[PDB]
Amino acid sequence: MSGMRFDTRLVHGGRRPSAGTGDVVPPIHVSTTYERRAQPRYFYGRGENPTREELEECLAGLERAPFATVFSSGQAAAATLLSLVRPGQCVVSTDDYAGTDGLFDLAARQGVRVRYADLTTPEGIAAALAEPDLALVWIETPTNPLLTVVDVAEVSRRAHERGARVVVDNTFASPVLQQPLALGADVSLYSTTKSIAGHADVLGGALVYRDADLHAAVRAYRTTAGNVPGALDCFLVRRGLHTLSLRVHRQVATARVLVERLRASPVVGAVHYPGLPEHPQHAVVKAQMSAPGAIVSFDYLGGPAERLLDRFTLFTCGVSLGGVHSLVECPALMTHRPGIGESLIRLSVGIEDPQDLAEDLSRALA
Amino acid sequence: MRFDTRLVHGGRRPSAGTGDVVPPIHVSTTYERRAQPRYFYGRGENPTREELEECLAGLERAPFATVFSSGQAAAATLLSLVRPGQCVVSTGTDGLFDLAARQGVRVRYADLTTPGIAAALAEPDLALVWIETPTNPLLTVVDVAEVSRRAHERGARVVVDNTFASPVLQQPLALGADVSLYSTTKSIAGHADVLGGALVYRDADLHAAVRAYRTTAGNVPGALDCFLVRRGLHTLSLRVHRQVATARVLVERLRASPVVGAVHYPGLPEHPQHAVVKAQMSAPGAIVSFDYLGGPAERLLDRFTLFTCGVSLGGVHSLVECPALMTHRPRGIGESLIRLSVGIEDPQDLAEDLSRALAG
Amino acid sequence: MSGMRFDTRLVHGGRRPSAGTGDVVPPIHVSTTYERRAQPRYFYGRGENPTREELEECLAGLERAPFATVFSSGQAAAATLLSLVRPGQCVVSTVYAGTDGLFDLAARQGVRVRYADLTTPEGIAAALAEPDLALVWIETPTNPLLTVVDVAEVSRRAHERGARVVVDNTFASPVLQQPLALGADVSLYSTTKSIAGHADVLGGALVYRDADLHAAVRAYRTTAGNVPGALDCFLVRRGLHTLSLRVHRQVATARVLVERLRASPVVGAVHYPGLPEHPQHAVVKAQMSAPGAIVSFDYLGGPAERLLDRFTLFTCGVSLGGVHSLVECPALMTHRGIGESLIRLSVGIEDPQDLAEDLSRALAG
Amino acid sequence: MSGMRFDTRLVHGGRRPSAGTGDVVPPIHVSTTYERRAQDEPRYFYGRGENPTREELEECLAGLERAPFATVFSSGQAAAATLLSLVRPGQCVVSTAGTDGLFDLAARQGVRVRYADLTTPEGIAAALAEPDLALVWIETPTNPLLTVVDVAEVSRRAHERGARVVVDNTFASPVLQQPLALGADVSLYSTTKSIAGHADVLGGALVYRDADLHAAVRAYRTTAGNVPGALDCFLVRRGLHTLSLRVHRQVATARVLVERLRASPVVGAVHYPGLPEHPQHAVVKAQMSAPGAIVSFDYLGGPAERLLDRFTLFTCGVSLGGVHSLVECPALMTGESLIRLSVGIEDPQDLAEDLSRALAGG
């Protein structure tokens with residue numbers, strides 16, 4: 001895919017020729033096992049599968065990286081990365097997803113030290129990375145659900161001085177808007193369940209990275225732990241991936257419209273969105289994101305959140321994000337129910353007509 | 001419902017409104033909260049997955065089952081529940097054992113064919129006894145009822161890897177074990193076209209732990225995969241009984257061949273644990289191994305025209321491998337030990353292929 | 001598949017392991033179009049598809065035939081064969097309401113459809129005396145009364161008159177009946193039923209030997225576009241692996257249910273090819289290896305709609321041949337000598353004692 | 001779908017709530033048969049007739065044209081065959097291809113097929129003067145020269161004579177052209193192309209308003225059995241979500257490529273509805289919201305087969321409308337030197353460079 005620009009790589013990355021038949025869309029490789037005498041690279045599906053490899057090739061290509069590994073889910077991608085951290089070693093994470101905290105709790109019970117910190121300030125960064133035995137700095141940016149953003153290039157340099165690996169959970173931004181490896185991180189982490197697959201009909205995760213020893217370690221764990229995705233699942237993720245830039249560009253454009261509606265509403269308090277000049281880290285946003293994304297959160301002042309949630313007729317009240325269907329949730333009641341107020345609302349903008357979405361939001365806020 | 005009926009109707013939840021006989025495939029990752037309140041997100045809840053789990057649980061008359069992205073993932077989940085400083089006694093899974101050991105789990109290997117058992121369970125802080133029966137690839141058998149009684153005296157949990165036998169032939173929970181472990185990739189799905197794993201068990205606290213781990217570690221299967229595993233499961237008893245019948249035919253063929261030595265099969269009268277086999281297996285299974293005396297295993301392997309030379313087992317296509325060259329390439333496993341996984345092809349065609357390969 | 005017996009062909013027919021990767025199970029070819037420069041046999045999905053072709057090779061192998069063609073449904077397979085009959089020509093048939101829908105369509109385009117009794121020599125002689133006879137259309141056993149037609153004899157007589165003979169072999173499946181070996185020119189299938197066997201995909205098939213027929217059939221399929229999807233072909237092929245296991249089980253259980261029906265005081269006539277008193281039992285012994293998994297009977301115990309309501313294991317619904325046992329009342333359902341109280345059973349692979357108990361509870365004799 | 005604008009209907013058209021579980025994406029109904037006793041209202045009997053997944057796709061498609069009815073098929077050809085089955089012996093079809101494959105069949109069934117030039121008032125009048133005229137069959141823009149037919153005018157005139165009008169709208173898609181709003185009776189699609197859009201499923205569709213037509217269409221589909229599978233319907237529906245995003249992108253890139261073509265010394269005529277000099281430019285502006293994603297041109301540089309071999313990004317193969325850009329030479333595949341491009345959603349600069357490199361050689 002050398003010489004292919006990003007949108008071209010979405011369509012043709014890993015689109016391996018079919019010998020003999022010439023299929024434009026690669027056939028779906030469902031076989032669990034392989035005839036050894038007919039080859040010698042493919043032995044067993046948990047280890048090797050052409051449809052999976054094609055998706056991995058595409059994902060790697062999207063960040064100009066040599067390696068990628070896909071998993072049964074975003075959590076599995078994250079768990080795989082955490083397994084490489086030894087008991088006694090330390091993980092530093094942003095203080096601002098409940099999923100990753102569940103994993104962090106699991107890692108803690110295995111003896112991993114988890115430290116939460118403010119990575120938006122030089123003071124907070126300095127203190128965090130002063131942690132002894134620092135092995136991994138875990139950056140989510142923009143964060144969920146307050147959408148604070150962390151200077152990946154800066155934190156990476158500081159972390160690399162201390163010998164630590166840096167991972168960026170790039171799920172919110174997607175590789176259309178943010179390129180962590182180019183920013184200096186060692187790993188990009190994805191829940192491909194969200195915008196990468198984009199149609200809310202398949203679970204998946206991915207890690208994208210450049211280090212060969214990390215690669216060997218990652219594949220070893222995936223093989224032994226068996227958190228591999230199915231071939232049909234990889235097919236759906238890969239198919240959704242074609243339209244990723246078209247979809248993200250639309251969602252961002254609509255998000256901007258919705259933000260203006262929110263800021264003009266007498267019943268909305270704080271509005272959290274990376275594209276706002278008043279965003280506490282806007283300069284960083286301009287430095288590392290090509291566009292401010294499709295996720296918005298805000299404080300609803302009009303009463304109980306459930307009343308707001310009940311009034312939407314187009315937004316779906318449900319969890320997850322990044323898909324073609326617009327979604328709304330209340331973190332306190334839903335994802336973060338186990339600075340997040342009881343009335344914080346999070347929007348994931350889909351690809352519906354922006355005026356329909358704007359009118360629905362406006363009716364809801366009433 | 002009897003067993004064969006549960007294969008078809010287990011977890012077959014009627015569709016409201018439309019009345020689908022085959023339940024529709026639930027691919028959605030998320031759910032509308034206002035339209036229900038049990039389903040929140042696909043990694044935690046999915047109707048297609050739940051229907052499969054209900055079926056599997058029903059096959060062992062158990063209250064619980066949980067499916068996974070693979071057999072390895074089911075095993076990893078079970079192993080995650082063992083705490084550092086605690087001990088696992090056992091008869092890949094060894095790859096998983098290396099992982100567990102490096103995190104502070106004590107793994108002890110023992111001979112569980114002898115009353116080895118007493119010595120094994122004398123281990124302090126014994127938390128889990130991990131049994132495969134019949135074993136791979138020598139098809140030795142472990143008395144599950146006996147080991148479970150002794151292990152429960154010591155406060156330990158017992159798991160049986162029941163992949164080789166399947167619930168058609170062996171019922172570990174009924175024998176006294178706490179957990180049945182499966183690679184559903186093998187005979188349960190049966191068509192070599194989907195990966196999966198399962199745990200079947202009865203303890204409610206275990207259920208909570210297993211699901212909590214699965215949701216957090218995210219080693220869940222996709223809905224389309226669950227559909228394929230469930231679809232294959234309909235014919236599990238038909239397939240297994242055919243495979244057993246043919247295996248018996250192949251065993252007679254092997255016993256008559258001059259280039260065959262030891263033959264390993266739970267169904268042989270001379271089998272060292274035959275009494276245990278008759279006691280806990282309703283039939284002796286579709287896996288056969290034997291020592292090839294004609295030379296290097298590749299000389300034999302290259303001559304098959306119907307058996308496929310490849311790993312895995314239990315599916316409709318007959319498979320042959322040499323553990324020393326293949327699965328066990330990284331215990332009584334000779335360089336020329338051959339393992340057969342019998343499929344549902346015509347038994348005369350398979351017998352003829354085996355004989356031709358052996359003769360040259 | 002030379003040297004492969006029937007059960008082996010079910011598993012390995014049309015299964016050529018993948019070059020390079022060596023997949024045991026062939027990958028699913030979903031692509032609609034093909035790069036011309038990378039090959040030159042594959043141009044467009046409506047015409048060519050490797051997954052579909054593998055299924056066709058398998059079906060063909062089951063009857064030792066050179067050709068097979070699969071379709072979007074059994075109806076489409078039937079429609080295709082009927083398309084080859086010209087206005088003014090005649091079709092003689094024994095039949096399925098579907099096939100009657102199609103026969104009505106063909107008639108409105110000028111095809112002459114003559115229905116006959118093909119179980120007696122006079123009826124056979126009378127039918128085949130039709131001028132411009134192009135096609136003799138045999139369903140055996142028939143739906144839902146399960147009468148049977150001597151395929152060999154009718155084929156002999158029809159070929160004397162220069163006509164093509166097709167046998168709808170859906171009820172029997174190639175496990176139990178081989179129309180081409182009996183002398184017919186075409187086997188017609190709704191693969192939706194026992195061939196796919198799991199009630200989760202629609203499909204049709206034609207199996208035959210004439211190369212000119214092959215050309216005409218494929219030309220129509222491409223032009224009419226009644227082709228199945230690749231994923232559907234995958235599900236049919238996957239189901240086909242267990243066809244003989246499934247059919248043998250369904251047949252064994254059907255025999256048990258037939259005995260239960262014969263013992264019931266609220267059952268009158270029982271229709272089953274396996275019964276000694278069956279009007280064509282001798283033909284049955286001659287052309288079917290076992291009498292099949294379909295049974296019909298006259299219920300004497302009260303309203304049919306109530307009988308249907310009392311089943312708790314059998315599903316009340318149309319279609320047949322799948323792993324799930326099905327029950328219907330033709331007068332109320334598919335056909336809405338067929339009495340108002342005729343019941344049809346399609347036996348699945350559930351435990352025979354469970355099915356027998358469900359039937360007895362429903363009959364409430 | 002009342003109150004939903006077009007792009008919203010793409011996502012939410014036919015997205016039927018799942019009772020109990022609340023699935024956002026409806027589950028895939030693969031079952032061929034249904035328990036009759038499990039239904040409050042008996043609507044589902046057998047898959048060849050009824051299927052919820054198929055119906056959801058139909059509801060969506062119908063919604064995209066604000067039409068009461070839609071019916072989907074195993075392929076575009078099956079959709080066409082179905083419509084042609086409704087033309088009775090002695091009646092006449094007037095038409096502007098596989099459709100010509102179908103027309104031959106109709107001829108052998110006693111249908112009179114007349115071809116006419118529908119771009120002129122003289123040509124239209126002559127065409128519509130046919131006795132027993134039952135059906136006017138319009139493709140616009142046409143394949144492969146992209147000429148355009150005035151749907152409103154032909155429909156007005158054809159309805160004067162009591163005939164039905166169908167427009168094959170596959171090239172334009174409902175994003176760009178709305179035949180029913182223009183006065184036609186039926187919109188015909190190969191959903192295989194841009195509607196599904198990912199070149200991985202076959203399908204056809206008819207969209208229309210007349211209830212008697214609906215009954216006849218469904219009757220034929222059930223009897224002929226040219227129904228699509230539920231999994232295929234799922235893939236078509238899934239592709240449909242991004243239809244407007246894809247088409248708008250393809251059109252933008254098509255415009256860029258037309259400029260590259262107009263600048264090439266080895267290109268003659270360039271055929272594209274968007275060109276000011278286009279012989280039917282007034283009609284294009286009147287009935288298409290954008291000029292589409294198909295371009296054809298006369299290649300002057302040598303044998304076409306050599307040119308086809310030089311593409312490294314465009315795929316040489318038939319079909320169109322998908323995310324992958326395609327190129328073919330009609331004379332060789334589907335003047336001797338005419339090339340047809342189907343523009344996908346790759347980066348426009350990558351596509352322009354590939355085209356320029358191919359045209360240039362070396």
# chains A, B, ... in the order shown; residues from 1 in each chain; ligands from 1

call {"tool": "interface_residues", "arguments": {"of": "chain D", "to": "chain B", "cutoff": "12 Å", "atoms": "only C-alpha atoms", "output": "PyMOL selection string"}}
result
chain D and resi 15-47+50-53+230-231+234+238

call {"tool": "select_by_dssp", "arguments": {"residues": "stretch 176-322 of chain A", "states": "strand (DSSP E or B)", "output": "list in words"}}
result
residues 187, 188, 189, 190, 191, 205, 206, 207, 208, 209, 268, 269, 270, 271, 272, 295, 296, 297, 298, 299, 300, 316 and 317 of chain A

call {"tool": "write_last_selection", "arguments": {"atoms": "C-alpha atoms", "output": "PDB file, in the first residue's frame"}}
result
ATOM      1  CA  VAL A 187       0.772   1.532  20.908  1.00  0.00           C
ATOM      2  CA  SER A 188      -2.623   2.547  19.581  1.00  0.00           C
ATOM      3  CA  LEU A 189      -5.482   0.751  21.269  1.00  0.00           C
ATOM      4  CA  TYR A 190      -8.966   0.400  19.777  1.00  0.00           C
ATOM      5  CA  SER A 191     -12.383  -0.904  20.487  1.00  0.00           C
ATOM      6  CA  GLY A 205     -10.546  -4.825  19.413  1.00  0.00           C
ATOM      7  CA  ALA A 206      -7.177  -3.956  17.949  1.00  0.00           C
ATOM      8  CA  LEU A 207      -3.640  -3.016  18.892  1.00  0.00           C
ATOM      9  CA  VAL A 208      -1.455  -1.170  16.398  1.00  0.00           C
ATOM     10  CA  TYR A 209       2.277  -0.759  17.071  1.00  0.00           C
ATOM     11  CA  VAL A 268     -27.445  23.324  29.534  1.00  0.00           C
ATOM     12  CA  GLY A 269     -24.530  24.060  31.855  1.00  0.00           C
ATOM     13  CA  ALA A 270     -20.998  22.968  31.021  1.00  0.00           C
ATOM     14  CA  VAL A 271     -20.434  21.805  27.467  1.00  0.00           C
ATOM     15  CA  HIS A 272     -17.495  19.525  26.859  1.00  0.00           C
ATOM     16  CA  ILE A 295     -18.499  12.823  20.992  1.00  0.00           C
ATOM     17  CA  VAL A 296     -20.060  15.569  23.102  1.00  0.00           C
ATOM     18  CA  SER A 297     -20.993  15.705  26.771  1.00  0.00           C
ATOM     19  CA  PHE A 298     -22.911  18.309  28.762  1.00  0.00           C
ATOM     20  CA  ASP A 299     -24.629  19.039  32.078  1.00  0.00           C
ATOM     21  CA  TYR A 300     -28.412  19.007  31.804  1.00  0.00           C
ATOM     22  CA  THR A 316     -31.222   6.082  20.874  1.00  0.00           C
ATOM     23  CA  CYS A 317     -30.871   5.828  24.632  1.00  0.00           C
TER      24      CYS A 317
END

call {"tool": "select_by_dssp", "arguments": {"residues": "stretch 228-343 of chain B", "states": "alpha helix (DSSP H)", "output": "ChimeraX atom specification"}}
result
/B:228-233,236-255,274-280,297-301

call {"tool": "residues_around", "arguments": {"residues": "residue A:52", "least_positions_apart": "3", "cutoff": "8 Å", "atoms": "only C-alpha atoms", "output": "PDB file with N, CA and C atoms, in the first residue's frame"}}
result
ATOM      1  N   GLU A  48      -3.531 -18.770  13.138  1.00  0.00           N
ATOM      2  CA  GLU A  48      -3.410 -18.145  11.818  1.00  0.00           C
ATOM      3  C   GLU A  48      -4.741 -18.176  11.077  1.00  0.00           C
ATOM      4  N   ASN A  49      -5.089 -17.077  10.410  1.00  0.00           N
ATOM      5  CA  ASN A  49      -6.312 -17.006   9.591  1.00  0.00           C
ATOM      6  C   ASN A  49      -6.224 -15.858   8.598  1.00  0.00           C
ATOM      7  N   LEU A  55      -7.479  -7.941   7.760  1.00  0.00           N
ATOM      8  CA  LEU A  55      -7.944  -6.830   8.580  1.00  0.00           C
ATOM      9  C   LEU A  55      -6.766  -6.202   9.330  1.00  0.00           C
ATOM     10  N   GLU A  56      -5.919  -7.048   9.899  1.00  0.00           N
ATOM     11  CA  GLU A  56      -4.759  -6.534  10.621  1.00  0.00           C
ATOM     12  C   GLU A  56      -3.864  -5.719   9.688  1.00  0.00           C
ATOM     13  N   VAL A  70      -5.675  -8.063  16.040  1.00  0.00           N
ATOM     14  CA  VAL A  70      -7.063  -7.884  16.424  1.00  0.00           C
ATOM     15  C   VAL A  70      -7.514  -8.947  17.421  1.00  0.00           C
ATOM     16  N   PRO A 229     -10.828 -13.047  17.566  1.00  0.00           N
ATOM     17  CA  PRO A 229     -12.152 -12.795  16.990  1.00  0.00           C
ATOM     18  C   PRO A 229     -12.482 -13.856  15.941  1.00  0.00           C
ATOM     19  N   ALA A 231     -13.792 -15.242  12.113  1.00  0.00           N
ATOM     20  CA  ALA A 231     -13.566 -14.762  10.745  1.00  0.00           C
ATOM     21  C   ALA A 231     -14.750 -13.936  10.237  1.00  0.00           C
ATOM     22  N   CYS A 234     -14.393 -10.523  11.789  1.00  0.00           N
ATOM     23  CA  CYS A 234     -13.374  -9.742  11.085  1.00  0.00           C
ATOM     24  C   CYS A 234     -13.912  -9.237   9.741  1.00  0.00           C
ATOM     25  N   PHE A 235     -14.699 -10.066   9.071  1.00  0.00           N
ATOM     26  CA  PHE A 235     -15.276  -9.640   7.802  1.00  0.00           C
ATOM     27  C   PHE A 235     -16.160  -8.400   8.008  1.00  0.00           C
TER      28      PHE A 235
END

call {"tool": "residues_around", "arguments": {"residues": "residue B:226", "least_positions_apart": "6", "cutoff": "8 Å", "atoms": "only C-alpha atoms", "output": "PyMOL selection string"}}
result
chain B and resi 48-49+52+196

call {"tool": "interface_residues", "arguments": {"of": "chain A", "to": "chain D", "cutoff": "6 Å", "atoms": "only C-alpha atoms", "output": "PDB file with N, CA, C and O atoms, in the first residue's frame"}}
result
ATOM      1  N   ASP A   7      -7.550   7.380   2.569  1.00  0.00           N
ATOM      2  CA  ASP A   7      -8.865   6.905   2.141  1.00  0.00           C
ATOM      3  C   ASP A   7      -8.754   5.757   1.166  1.00  0.00           C
ATOM      4  O   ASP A   7      -9.647   4.929   1.073  1.00  0.00           O
ATOM      5  N   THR A   8      -7.650   5.709   0.428  1.00  0.00           N
ATOM      6  CA  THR A   8      -7.436   4.603  -0.480  1.00  0.00           C
ATOM      7  C   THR A   8      -7.091   3.335   0.297  1.00  0.00           C
ATOM      8  O   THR A   8      -7.556   2.243  -0.042  1.00  0.00           O
ATOM      9  N   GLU A 352     -27.111  10.445  10.677  1.00  0.00           N
ATOM     10  CA  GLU A 352     -28.427  10.944  10.269  1.00  0.00           C
ATOM     11  C   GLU A 352     -28.372  12.401   9.785  1.00  0.00           C
ATOM     12  O   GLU A 352     -27.353  13.061   9.919  1.00  0.00           O
ATOM     13  N   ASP A 353     -29.470  12.897   9.220  1.00  0.00           N
ATOM     14  CA  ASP A 353     -29.519  14.294   8.764  1.00  0.00           C
ATOM     15  C   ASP A 353     -29.325  15.222   9.954  1.00  0.00           C
ATOM     16  O   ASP A 353     -29.981  15.072  10.978  1.00  0.00           O
TER      17      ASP A 353
END

call {"tool": "interface_residues", "arguments": {"of": "chain B", "to": "chain A", "cutoff": "8 Å", "atoms": "only C-alpha atoms", "output": "ChimeraX atom specification"}}
result
/B:27-34,40-43,69-73,76,92,95-96,103,185,192-195,216-222,224-225,302,308-312

call {"tool": "atom_distance", "arguments": {"atom1": "atom CA of residue C:14", "atom2": "atom CA of residue C:54"}}
result
4.4 Å

call {"tool": "residues_around", "arguments": {"residues": "residue B:240", "least_positions_apart": "4", "cutoff": "9 Å", "atoms": "only C-alpha atoms", "output": "VMD selection string"}}
result
chain B and resid 165 to 166 168 to 169 187 235 to 236 244 to 245 285 to 286 314 343 to 344

call {"tool": "write_last_selection", "arguments": {"atoms": "N, CA, C and O atoms", "output": "PDB file, in the first residue's frame"}}
result
ATOM      1  N   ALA B 165     -14.526 -36.607  24.706  1.00  0.00           N
ATOM      2  CA  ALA B 165     -15.686 -37.489  24.838  1.00  0.00           C
ATOM      3  C   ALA B 165     -16.980 -36.842  24.332  1.00  0.00           C
ATOM      4  O   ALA B 165     -17.787 -37.507  23.670  1.00  0.00           O
ATOM      5  N   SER B 166     -17.146 -35.554  24.650  1.00  0.00           N
ATOM      6  CA  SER B 166     -18.392 -34.781  24.463  1.00  0.00           C
ATOM      7  C   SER B 166     -19.485 -35.195  25.466  1.00  0.00           C
ATOM      8  O   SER B 166     -19.425 -36.269  26.051  1.00  0.00           O
ATOM      9  N   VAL B 168     -22.217 -36.267  24.893  1.00  0.00           N
ATOM     10  CA  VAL B 168     -22.923 -37.443  24.383  1.00  0.00           C
ATOM     11  C   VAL B 168     -22.410 -38.713  25.060  1.00  0.00           C
ATOM     12  O   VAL B 168     -23.158 -39.654  25.276  1.00  0.00           O
ATOM     13  N   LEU B 169     -21.129 -38.733  25.394  1.00  0.00           N
ATOM     14  CA  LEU B 169     -20.515 -39.970  25.873  1.00  0.00           C
ATOM     15  C   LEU B 169     -20.106 -39.924  27.348  1.00  0.00           C
ATOM     16  O   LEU B 169     -19.926 -40.967  27.982  1.00  0.00           O
ATOM     17  N   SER B 187     -15.901 -31.330  18.490  1.00  0.00           N
ATOM     18  CA  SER B 187     -17.095 -32.061  18.049  1.00  0.00           C
ATOM     19  C   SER B 187     -18.433 -31.320  18.280  1.00  0.00           C
ATOM     20  O   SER B 187     -19.418 -31.569  17.577  1.00  0.00           O
ATOM     21  N   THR B 235     -26.832 -31.830  15.413  1.00  0.00           N
ATOM     22  CA  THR B 235     -26.482 -33.167  14.967  1.00  0.00           C
ATOM     23  C   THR B 235     -25.394 -33.830  15.815  1.00  0.00           C
ATOM     24  O   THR B 235     -24.830 -34.828  15.392  1.00  0.00           O
ATOM     25  N   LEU B 236     -25.107 -33.280  17.000  1.00  0.00           N
ATOM     26  CA  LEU B 236     -23.990 -33.797  17.805  1.00  0.00           C
ATOM     27  C   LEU B 236     -24.121 -35.302  18.090  1.00  0.00           C
ATOM     28  O   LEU B 236     -23.171 -36.047  17.888  1.00  0.00           O
ATOM     29  N   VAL B 244     -18.003 -42.968  16.491  1.00  0.00           N
ATOM     30  CA  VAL B 244     -17.617 -44.074  17.367  1.00  0.00           C
ATOM     31  C   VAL B 244     -17.688 -45.396  16.603  1.00  0.00           C
ATOM     32  O   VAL B 244     -16.764 -46.207  16.659  1.00  0.00           O
ATOM     33  N   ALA B 245     -18.782 -45.594  15.873  1.00  0.00           N
ATOM     34  CA  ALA B 245     -18.979 -46.831  15.114  1.00  0.00           C
ATOM     35  C   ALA B 245     -17.823 -47.076  14.141  1.00  0.00           C
ATOM     36  O   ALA B 245     -17.297 -48.190  14.033  1.00  0.00           O
ATOM     37  N   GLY B 285     -15.585 -43.367  22.246  1.00  0.00           N
ATOM     38  CA  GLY B 285     -15.104 -42.182  21.545  1.00  0.00           C
ATOM     39  C   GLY B 285     -14.574 -42.394  20.134  1.00  0.00           C
ATOM     40  O   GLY B 285     -14.470 -43.529  19.650  1.00  0.00           O
ATOM     41  N   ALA B 286     -14.183 -41.301  19.488  1.00  0.00           N
ATOM     42  CA  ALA B 286     -13.809 -41.327  18.076  1.00  0.00           C
ATOM     43  C   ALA B 286     -12.349 -40.961  17.851  1.00  0.00           C
ATOM     44  O   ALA B 286     -11.946 -40.661  16.721  1.00  0.00           O
ATOM     45  N   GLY B 314     -12.576 -33.972  15.844  1.00  0.00           N
ATOM     46  CA  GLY B 314     -13.980 -34.036  16.194  1.00  0.00           C
ATOM     47  C   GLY B 314     -14.947 -33.630  15.111  1.00  0.00           C
ATOM     48  O   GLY B 314     -16.140 -33.860  15.239  1.00  0.00           O
ATOM     49  N   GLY B 343     -14.087 -38.977  11.303  1.00  0.00           N
ATOM     50  CA  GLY B 343     -15.207 -38.175  10.829  1.00  0.00           C
ATOM     51  C   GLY B 343     -16.429 -39.010  10.455  1.00  0.00           C
ATOM     52  O   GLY B 343     -16.574 -40.144  10.923  1.00  0.00           O
ATOM     53  N   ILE B 344     -17.316 -38.464   9.622  1.00  0.00           N
ATOM     54  CA  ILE B 344     -18.560 -39.169   9.329  1.00  0.00           C
ATOM     55  C   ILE B 344     -18.587 -39.714   7.903  1.00  0.00           C
ATOM     56  O   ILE B 344     -19.630 -40.124   7.418  1.00  0.00           O
TER      57      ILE B 344
END

call {"tool": "interface_residues", "arguments": {"of": "chain C", "to": "chain D", "cutoff": "8 Å", "atoms": "only C-alpha atoms", "output": "PyMOL selection string"}}
result
chain C and resi 30-37+43-46+72-76+79+98+101-102+109+192+199-202+223-229+231-232+309+315-319

call {"tool": "write_last_selection", "arguments": {"atoms": "C-alpha atoms", "output": "mmCIF file, in the first residue's frame"}}
result
data_model
loop_
_atom_site.group_PDB
_atom_site.id
_atom_site.type_symbol
_atom_site.label_atom_id
_atom_site.label_comp_id
_atom_site.auth_asym_id
_atom_site.auth_seq_id
_atom_site.Cartn_x
_atom_site.Cartn_y
_atom_site.Cartn_z
ATOM 1 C CA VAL C 30 -18.958 -13.275 -1.383
ATOM 2 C CA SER C 31 -17.435 -11.051 -4.076
ATOM 3 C CA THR C 32 -19.836 -10.015 -6.851
ATOM 4 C CA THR C 33 -17.111 -9.169 -9.344
ATOM 5 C CA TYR C 34 -13.664 -10.300 -10.339
ATOM 6 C CA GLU C 35 -10.417 -8.836 -11.533
ATOM 7 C CA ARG C 36 -10.051 -10.033 -15.122
ATOM 8 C CA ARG C 37 -6.261 -9.554 -15.186
ATOM 9 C CA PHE C 43 -16.459 -12.481 -14.561
ATOM 10 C CA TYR C 44 -19.569 -11.750 -12.491
ATOM 11 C CA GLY C 45 -21.434 -13.276 -9.564
ATOM 12 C CA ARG C 46 -24.769 -13.819 -11.268
ATOM 13 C CA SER C 72 -32.695 -19.128 -4.932
ATOM 14 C CA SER C 73 -35.449 -21.616 -4.009
ATOM 15 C CA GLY C 74 -37.069 -24.922 -5.005
ATOM 16 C CA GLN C 75 -39.740 -22.878 -6.784
ATOM 17 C CA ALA C 76 -37.056 -21.152 -8.880
ATOM 18 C CA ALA C 79 -39.704 -22.356 -12.729
ATOM 19 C CA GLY C 98 -46.294 -24.498 -5.272
ATOM 20 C CA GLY C 101 -48.911 -22.114 -8.737
ATOM 21 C CA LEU C 102 -46.202 -22.516 -11.327
ATOM 22 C CA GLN C 109 -48.216 -18.462 -21.202
ATOM 23 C CA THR C 192 -34.716 -25.799 1.758
ATOM 24 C CA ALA C 199 -34.718 -24.665 8.493
ATOM 25 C CA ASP C 200 -32.449 -21.647 8.077
ATOM 26 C CA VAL C 201 -31.925 -21.218 4.345
ATOM 27 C CA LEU C 202 -33.946 -21.273 1.131
ATOM 28 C CA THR C 223 -30.963 -14.094 -17.504
ATOM 29 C CA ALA C 224 -33.739 -14.522 -14.931
ATOM 30 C CA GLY C 225 -31.235 -13.954 -12.126
ATOM 31 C CA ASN C 226 -32.811 -16.467 -9.736
ATOM 32 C CA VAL C 227 -29.402 -17.301 -8.241
ATOM 33 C CA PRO C 228 -28.758 -17.952 -4.562
ATOM 34 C CA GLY C 229 -26.358 -15.924 -2.441
ATOM 35 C CA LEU C 231 -23.711 -17.308 2.198
ATOM 36 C CA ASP C 232 -26.887 -19.280 1.495
ATOM 37 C CA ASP C 309 -52.993 -26.697 19.642
ATOM 38 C CA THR C 315 -44.087 -27.351 15.723
ATOM 39 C CA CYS C 316 -47.305 -26.393 13.963
ATOM 40 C CA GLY C 317 -46.012 -24.946 10.710
ATOM 41 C CA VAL C 318 -45.426 -25.583 7.052
ATOM 42 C CA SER C 319 -42.297 -26.922 5.307
#
